[PDB]
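In: make a model of this:
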Amino acid sequence: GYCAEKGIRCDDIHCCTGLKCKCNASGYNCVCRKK
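Out: Numbers count the residues shown, from 1 in each chain. Provided below are the atomic coordinates:
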């Protein structure tokens, strides 16, 4: 399963089970986090 690991570009791909796509409102800093 090719998914966005801890802190990976999730713009088009989703974060792996356990991480969340944390992105700013401006449209940047879109990275996965263990939230």
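In: so for stretch 1-18, what gets flagged as buried?
Out: Under the neighbour-count criterion of 16 or more other C-beta atoms under 10 Å, stretch 1-18 has 4, 8, 10, 15 buried. (C-beta placed from N, C-alpha, C; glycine too.)
In: these: which two are farthest apart?
Out: When C-beta to C-beta is used, the two most widely separated members of the buried residues of stretch 1-18 are 8 and 15, lying 7.5 Å apart.
In: mutual contacts of these two, please.
Out: Residues touching both residue 8 and residue 15 (C-beta atoms under 8 Å, 6 or more residues apart in numbering) are residue 32.
In: tell me which stretches of the chain form helices.
Out: For the chain, applying DSSP state H gives no helices.
In: wait, residue 13 sits on residue 4?
Out: Yes. Using C-beta atoms under 8 Å, residue 13 makes contact with residue 4 at a distance of 5.0 Å.
In: what about residue 30, how many residues nearby?
Out: The local packing of residue 30 (other C-beta atoms under 10 Å) involves 15 other residues.
In: got it, and residue 27?
Out: By other C-beta under 10 Å, 8 other residues sit near residue 27.
In: now do it against residue 11, distance only.
Out: 9 Å (C-beta to C-beta, to the nearest Å).
In: next: residue 2.
Out: For residue 2, the distance to residue 11 equals 14 Å [C-beta to C-beta].
In: and residue 23, what does it touch?
Out: 10-11, 29-31.
In: between those residues, which sits nearest residue 20?
Out: Proximity of the contacts of residue 23 to residue 20 (C-beta to C-beta) peaks at residue 10, which lies at 8.6 Å.
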